[PDB]
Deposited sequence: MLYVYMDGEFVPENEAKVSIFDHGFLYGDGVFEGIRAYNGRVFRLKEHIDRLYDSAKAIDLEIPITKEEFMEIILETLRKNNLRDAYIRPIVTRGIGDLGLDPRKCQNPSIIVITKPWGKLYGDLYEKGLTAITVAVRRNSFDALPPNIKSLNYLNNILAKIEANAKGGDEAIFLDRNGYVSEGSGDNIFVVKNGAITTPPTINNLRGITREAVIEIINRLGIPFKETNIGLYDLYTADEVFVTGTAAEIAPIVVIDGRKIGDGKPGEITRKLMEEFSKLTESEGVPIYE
């Protein structure tokens, strides 16, 4: 039924498998992206591919095809599955080597493209908890790299699951707010919006699009460090990501945020973002 691109061939989902000797599996030595197709268009495809190549460069991995080729493979995979509204997960691995860690002994990076169809939480908003684990440090395992090492994020999610939150919020190694387990975070206070600099989190493509909207609407905006206090006393909080789009956060660590309902600025940004996704993107067909 659904086909996965894997190293030059289309392979059914149930058969899409990688060698256990690939360093992408043994050590999470690889990179990935998350991309959305809306109404036959791929939203910000080029931006995602640029980021995929930056992630690879950061881990000294050479992607064995060009950006143009990678974009064509993504479009082809969507076509092959006849999708118009989808989630796309391109993955590049280090490849098979010996059982040590040396990446120089790895040959043939694998290229994989997964496409899956995409068809109360936003009306009511999400509950969040701040986690005890800090985000992976920008001087240890830089979170700006979207790699197959996502266990830091998973530990945060496990905490949220056990602690009554829909979402986990990280602080960084220096005590500053970082991001959610899988999304960037924005704070609204007295009509002005703040978001952390991207060094301790990930340069979100949704985040970038939302900042463009914010500036277009003339809402006062500042990229600056935020703390627990700013989260708790905010008028509104929301998170941004490819899968989530814009999700309101209405409770943090048992405290109602503002009136406890998705806020007016958040709702306005949600509308504007929907508009953007309906009118922009690389066409899949024709």
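- No C-alpha positions are given for the deposited-sequence stretch 120-123, and it is the only one.
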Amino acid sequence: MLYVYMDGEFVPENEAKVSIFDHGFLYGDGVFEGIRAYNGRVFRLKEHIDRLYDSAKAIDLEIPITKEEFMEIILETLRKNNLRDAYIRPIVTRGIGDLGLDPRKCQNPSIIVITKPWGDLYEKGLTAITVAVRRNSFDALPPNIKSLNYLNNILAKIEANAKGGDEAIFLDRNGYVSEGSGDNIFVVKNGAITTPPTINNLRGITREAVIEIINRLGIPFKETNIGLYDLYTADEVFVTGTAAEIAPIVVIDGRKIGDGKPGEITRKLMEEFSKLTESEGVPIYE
From here on, numbers count along this sequence of modelled residues.
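- Stretch comparison (36-44 versus 255-263) by mean CA B-factor in the PDB entry places 36-44 on top.
- When the C-alpha B-factors of 241-249 and 226-234 are averaged, 241-249 comes out higher.
- Of the candidates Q107, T206, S137, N149, it is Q107 whose Cα B-factor is highest according to the PDB record.
- Of all the options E159, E72, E179, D166, the entry's greatest CA B-factor is assigned to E72.
- Ranked against the other modelled residues of its chain, the C-alpha B-factor of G119 as given in the entry falls in the highest third.
- When the modelled residues of the chain are ordered by C-alpha B-factor, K80 sits in the highest third.
- Among all modelled residues in this chain, the alpha-carbon of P220 has a temperature factor (C-alpha) in the middle third.
- Among the modelled residues of its chain, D54 has a C-alpha B-factor that falls in the lowest third, as given in the PDB entry.
- Per-chain ranking of the deposited C-alpha B factor places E62 in the middle third.
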